[PDB]
Amino acid sequence: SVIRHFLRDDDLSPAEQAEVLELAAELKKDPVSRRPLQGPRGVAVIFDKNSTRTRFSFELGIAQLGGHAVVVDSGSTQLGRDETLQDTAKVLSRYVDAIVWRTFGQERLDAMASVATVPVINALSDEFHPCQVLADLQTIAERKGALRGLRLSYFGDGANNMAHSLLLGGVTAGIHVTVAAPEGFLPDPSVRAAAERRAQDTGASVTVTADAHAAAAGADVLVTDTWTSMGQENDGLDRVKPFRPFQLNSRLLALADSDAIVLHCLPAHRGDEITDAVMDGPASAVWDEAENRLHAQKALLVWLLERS
Amino acid sequence: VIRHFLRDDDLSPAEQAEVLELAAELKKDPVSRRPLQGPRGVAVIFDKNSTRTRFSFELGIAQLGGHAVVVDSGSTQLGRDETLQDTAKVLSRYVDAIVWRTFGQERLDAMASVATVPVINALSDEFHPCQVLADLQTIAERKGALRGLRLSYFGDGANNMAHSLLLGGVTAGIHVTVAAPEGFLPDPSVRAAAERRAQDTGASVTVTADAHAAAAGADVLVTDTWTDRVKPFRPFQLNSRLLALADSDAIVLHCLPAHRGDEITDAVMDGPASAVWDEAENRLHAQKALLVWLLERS
Amino acid sequence: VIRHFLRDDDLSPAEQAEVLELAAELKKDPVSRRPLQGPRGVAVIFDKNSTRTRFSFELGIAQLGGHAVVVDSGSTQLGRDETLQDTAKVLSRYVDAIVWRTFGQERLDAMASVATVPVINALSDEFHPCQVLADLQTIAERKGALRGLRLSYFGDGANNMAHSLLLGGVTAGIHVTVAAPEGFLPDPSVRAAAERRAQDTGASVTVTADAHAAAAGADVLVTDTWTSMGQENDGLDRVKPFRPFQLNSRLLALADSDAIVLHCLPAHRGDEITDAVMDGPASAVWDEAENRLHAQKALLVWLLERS
Ligand SMILES: N#Cc1ccc(O)cc1F
Ligand SMILES: N#Cc1ccc(O)cc1F
């Protein structure tokens with residue numbers, strides 16, 4: 001069989017993504033009913049940078065599939081230094097049945113996936129966060145039912161990992177995705193083109209605008225994220241002033257549909273991209289969204305393992 | 001409705017007895033209780049690493065059928081925009097209990113008020129209540145009934161072990177004495193809490209600088225690392241001459257690591273009064289019992 | 001009556017054969033032996049980290065039904081806060097075996113002198129006996145019976161792999177040659193122990209500076225990194241003495257036509273071994289790495305039932 005990887009959201013077709021999201025709902029109801037890793041079989045979980053959500057959701061998810069996660073903080077290792085990534089991938093493929101990797105550049109994930117003989121999963125990278133968007137889609141479906149035709153708007157830095165993955169994963173689900181971002185902070189052009197092409201297949205659409213109020217009007221789902229990642233703290237830009245009109249506050253939420261929901265990949269900076277009132281209010285689905293990392297990632301692993 | 005265990009008197013006398021009974025049952029049948037079968041998760045977070053805390057909790061949780069997600073001190077520093085409150089809310093969606101080794105009690109109190117799962121103090125600046133559960137299990141299996149025994153702690157009377165031996169000890173009905181020099185005495189609100197709890201159990205609290213008087217007639221003698229900056233503590237060294245003053249069949253306890261030659265001697269710690277190895281083992285059984293008990297009440 | 005595995009000759013020839021047979025059985029049926037069901041614990045302690053040692057032991061212990069408790073070098077090093085003897089007595093109350101990667105051999109001896117459970121050397125300055133069990137399992141699955149094979153190791157002749165290939169190799173009846181430059185020769189006590197064990201098994205020990213001779217007629221060619229992290233600041237040029245001992249296509253071509261190549265990871269391609277050799281048809285390095293899992297599981301099963 002072809003070995004399947006999941007490095008970006010569009011690695012699943014629309015039909016394949018629907019299968020994974022249905023499995024995520026099934027596993028949330030019956031969390032130990034799928035045991036493909038019984039043995040236990042191993043799964044590598046490798047962190048170039050720590051993440052509470054990523055650590056807990058993957059380590060426990062793998063265990064609940066019957067497996068054993070070998071969790072590596074690569075700062076305590078000589079990854080990239082003492083041997084080639086190609087050599088590392090070949091050795092890993094002898095010990096584990098899948099490789100879960102939180103890293104920075106997408107080309108490293110690509111390299112690992114081209115030589116590993118087991119599925120490689122992007123746990124979080126500079127360019128994409130496709131596991132978070134699977135959890136987001138599960139959360140939206142839980143609240144709203146069918147994803148096809150919903151309107152989702154994302155606010156803030158339009159070129160970070162969540163903007164890119166909401167574009168790709170959202171249109172794969174048939175969602176009309178709007179990115180509201182200031183000029184200079186727009187989605188990567190190749191990602192945007194990929195999302196526009198995928199949107200043709202599902203009847204979705206891609207909109208990019210600097211008009212935050214227009215983006216909010218009529219939306220079913222409002223999303224934001226931190227305006228700055230760790231790598232961008234030293235990029236030289238004022239990363240507050242451009243984004244202030246894009247804050248997800250009560251005024252913005254009130255422009256959306258009356259039962260709109262709010263998502264935010266953690267962590268959050270209350271007072272910057274989102275306010276206390278919204279973050280902690282009745283429209284917020286942030287905690288269910290975090291919990292669904294566990295269920296959605298389990299579903300993804302089950303699906304990749306059986307196809308690989 | 002969620003119970004926490006952040007200091008020894010979070011358990012009433014009757015609840016402490018239940019936990020200690022369960023610890024004895026679990027020591028006999030270590031995989032007979034599987035409340036975390038699945039596995040269900042438990043967070044084990046170290047703001048400062050502790051190898052023996054990691055072994056006892058990580059294996060104990062596994063023997064309850066669960067899976068401990070262990071976060072070492074390197075991984076415990078919160079990145080940009082992370083917060084303790086948001087951490088507690090997220091952990092409550094992934095795990096069934098939170099075990100935390102941290103410093104100030106204020107952090108534990110905050111985690112407990114936000115989390116919707118039980119929070120356990122694995123070890124903190126002010127208290128080490130899981131060690132004292134293991135200590136009480138050790139005393140009980142060697143001496144039977146805890147009520148009315150005399151226990152003396154020697155050395156730094158201001159540290160977490162002194163506070164927990166006071167609170168956990170009087171909760172079990174034990175007459176507790178702390179022998180310590182004047183700059184190193186129990187925190188006064190802990191002392192007053194221990195004196196109050198002792199009225200309910202028939203116990204008592206004594207604080208003295210007289211190590212001789214503290215040892216005389218003692219049934220249990222306890223010490224801990226003292227950390228010259230250590231001169232005030234030398235008169236409190238738990239040595240062979242101090243042990244000679246205790247009741248017959250007295251037992252010696254020491255939460256590890258021991259620095260032989262300082263707070264305790266080779267002769268006392270390798271001698272027939274020593275229970276320090278059984279004590280260390282009982283961290284496993286007592287903490288498993290505590291977890292079983294908290295989970296069933298939460 | 002508690003058995004430890006601190007160096008390769010802690011197993012007799014017959015005992016080593018039992019462990020290697022079990023490694024082959026466990027490779028076939030990896031969850032058929034559950035001596036640690038419960039789970040029972042096993043300590044896996046690193047004074048210096050080894051992620052590859054971590055993968056193989058953590059998963060191997062789990063597949064025996066147990067739970068590995070892993071301690072990395074980010075905690076207070078064992079022996080600093082309390083005696084190693086006190087540490088062994090406490091660990092013995094929590095776990096059924098102690099797996100430890102440390103530095104000098106005296107530390108392993110100290111822990112094993114007191115522990116009431118088996119102590120296993122995961123990797124040390126002087127020996128790497130678990131890697132050589134994996135190597136012997138690999139050689140056996142590629143070549144059959146080990147007795148009488150000719151194995152040559154090239155490079156730093158006084159490191160842990162050179163010492164363990166000597167001891168573990170002659171225990172299996174393999175004729176072992178170490179090809180190394182002057183100043184980098186096997187420890188004399190290890191060589192003498194290997195020579196004595198070789199008299200029981202029909203094996204032999206050869207130490208030579210002639211790489212061509214070492215390679216000629218060899219069934220197995222082995223190398224390792226020329227320098228450990230601890231050696232980077234020892235003051236020596238640790239490249240120029242070893243260039244004649246590079247395991248390259250020229251050198252491989254002198255060996256038997258069916259020769260295989262081993263290298264415990266990681267490899268520094270272009271130094272001790274070339275890309276052509278690493279990635280060519282004689283290389284068994286990836287099976288070798290996999291067999292760390294199986295050989296260490298067999299060792300654990302065997303030690304637990306003897307203790
Ligand atoms: N995982 C990560 C992490 C860091 C700090 C903390 O207090 C808790 C955690 F789960
Ligand atoms: N870092 C991570 C990691 C995982 C497996 C391995 O063989 C080496 C590594 F550095």
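Just so we're on the same page: letters track the sequence lines, and every chain starts at 1. Below, all heavy atoms of this structure are taken into account, side chains as well, without hydrogens, waters or symmetry copies.
With contacts defined as side-chain heavy-atom distances shorter than 4.5 Å, the pair B:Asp224/B:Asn160 qualifies. The shortest distance between side-chain heavy atoms of C:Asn121 and C:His128 does not fall below 4.5 Å. Side-chain contact between B:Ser75 and A:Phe47 is absent, with no heavy-atom pair separated by less than 4.5 Å. A heavy-atom distance below 4.5 Å is not found between the side chains of C:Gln296 and C:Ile120. Looking only at side-chain heavy atoms (C-beta outward), C:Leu64 and C:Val42 stay at 4.5 Å or farther from each other. Residues C:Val95 and B:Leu59 form a side-chain contact, since some pair of their non-hydrogen atoms from C-beta on lies under 4.5 Å apart. By the 4.5 Å heavy-atom criterion applied to side chains, C:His294 and C:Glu141 are not counted as neighbours. Contact of the C:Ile45 side chain with the C:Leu91 side chain is registered, since non-hydrogen atoms from C-beta on lie closer than 4.5 Å.
Checking side-chain atoms of B:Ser274 against main-chain N and O of B:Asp270 turns up no donor-acceptor pair under 3.5 Å. Judged by distance alone, the side chain of C:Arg34 and the main-chain N or O of C:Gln63 form a donor-acceptor pair under 3.5 Å. Between the side chain of C:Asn49 and the backbone N or O of C:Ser73 there is at least one donor-acceptor pair closer than 3.5 Å. Judged by distance alone, the side chain of C:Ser113 and the main-chain N or O of C:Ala110 form a donor-acceptor pair under 3.5 Å. C:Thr87 places a side-chain N or O within 3.5 Å of a backbone atom of C:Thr83 that can act as its donor or acceptor partner. A donor-acceptor pair under 3.5 Å is absent between the side-chain atoms of B:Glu18 and the main chain of B:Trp293, judged by distance alone.
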Mind running side chain to side chain contact (heavy atoms under 4.5 Å, CB included) on A:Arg41 and A:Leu305 for me, showing each step along the way?
CA-CA 12 Å; A:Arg41 312 289 299 261; A:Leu305 288 166; over 6 Å; no

Check the pair C:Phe55 / A:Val72 against side chain to side chain contact (heavy atoms under 4.5 Å, CB included), numbers first and verdict last.
CA-CA 9 Å; C:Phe55 270 82; A:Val72 180; 3.7 Å; yes

How far apart are the C-alpha atoms of C:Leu11 and C:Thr171, what are their side-chain angles, what is the distance that settles it, and do they pass the side chain to side chain contact (heavy atoms under 4.5 Å, CB included) test?
CA-CA 8 Å; C:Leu11 303 172; C:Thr171 297; 5.5 Å; no

Should C:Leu78 and C:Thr102 be marked as a side chain to side chain contact (heavy atoms under 4.5 Å, CB included) after you check the CA-CA gap, both sets of side-chain angles, and the distance that decides it?
CA-CA 9 Å; C:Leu78 270 50; C:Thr102 190; over 6 Å; no

I'd like to know whether B:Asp278 forms a side chain to side chain donor-acceptor pair (under 3.5 Å) with B:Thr138, so could you lay out the CA-CA distance, the side-chain angles of the two residues, the decisive distance to 0.1 Å, and finally the verdict.
CA-CA 7 Å; B:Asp278 292 355; B:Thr138 308; over 6 Å; no

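Of all heavy-atom pairs spanning C:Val301 and C:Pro35, the tightest one is CG2-CG, 4.1 Å. Of all the heavy atoms in C:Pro129 and C:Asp8, the pair that sits closest is CA-OD2, 3.3 Å. Looking at every heavy atom in both residues, C:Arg101 comes nearest to C:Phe103 through NH1-CD2, 4.4 Å. Nearest heavy atom pair, residue A:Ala123 against residue A:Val100, reads CB-CG1, 3.7 Å. In plain terms, the two heavy atoms of B:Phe127 and B:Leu6 that are nearest each other are CD1-O, 3.9 Å. The shortest heavy-atom contact between A:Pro40 and A:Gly67 is CB-C, 3.7 Å.
Screening residues 280-293 of chain B for salt bridge (charged side-chain N to carboxylate O under 4.0 Å, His left out) gives B:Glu281-C:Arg93 as the qualifying pairs, with residues at least two apart or on separate chains. The salt bridge (charged side-chain N to carboxylate O under 4.0 Å, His left out) pairs that include a residue from residues 56-70 of chain B are B:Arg54-B:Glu58, where partners are two or more places apart or lie in different chains.
Atom CZ of C:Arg52 is separated from atom SG of C:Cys264 by 8.0 Å, given to the nearest 0.5 angstrom. Here the NE2-OG distance, from C:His4 to C:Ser307, works out to 7.5 Å after rounding to the nearest 0.5 Å. Taking CG of C:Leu300 as the start and CG of C:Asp96 as the end, the distance is 10.0 Å to the nearest 0.5 Å. Note that CH2 of B:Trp277 is 10.0 Å distant from OG of C:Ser92, once rounded to the nearest 0.5 Å. A distance of 10.5 Å separates CG in C:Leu123 from CG in C:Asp47, rounded to the nearest 0.5 Å. Of the inter-residue distances, the one linking B:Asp135 atom CG with B:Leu253 atom CG reads 5.0 Å to the nearest 0.5 angstrom.
C:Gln85 meets the side-chain hydrogen bond (donor to acceptor under 3.5 Å, both in side chains) test with no other residue; sequence neighbours excluded. Evaluation of the side-chain hydrogen bond (donor to acceptor under 3.5 Å, both in side chains) rule for C:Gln16 yields no partner, not counting sequence neighbours. Residues satisfying the side-chain hydrogen bond (donor to acceptor under 3.5 Å, both in side chains) criterion with C:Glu126, sequence neighbours excluded, are absent altogether. B:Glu15 pairs by the salt bridge (charged side-chain N to carboxylate O under 4.0 Å, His left out) definition with B:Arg3, not counting sequence neighbours.
Using cut-offs of 30° and 60° on the angle between ring planes, the pair B:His67 and C:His67 is perpendicular.
A side-chain contact (heavy atoms from CB on, under 4.5 Å) with B:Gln137 holds for exactly one of B:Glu279, B:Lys27, B:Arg142, B:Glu21; it is B:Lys27.
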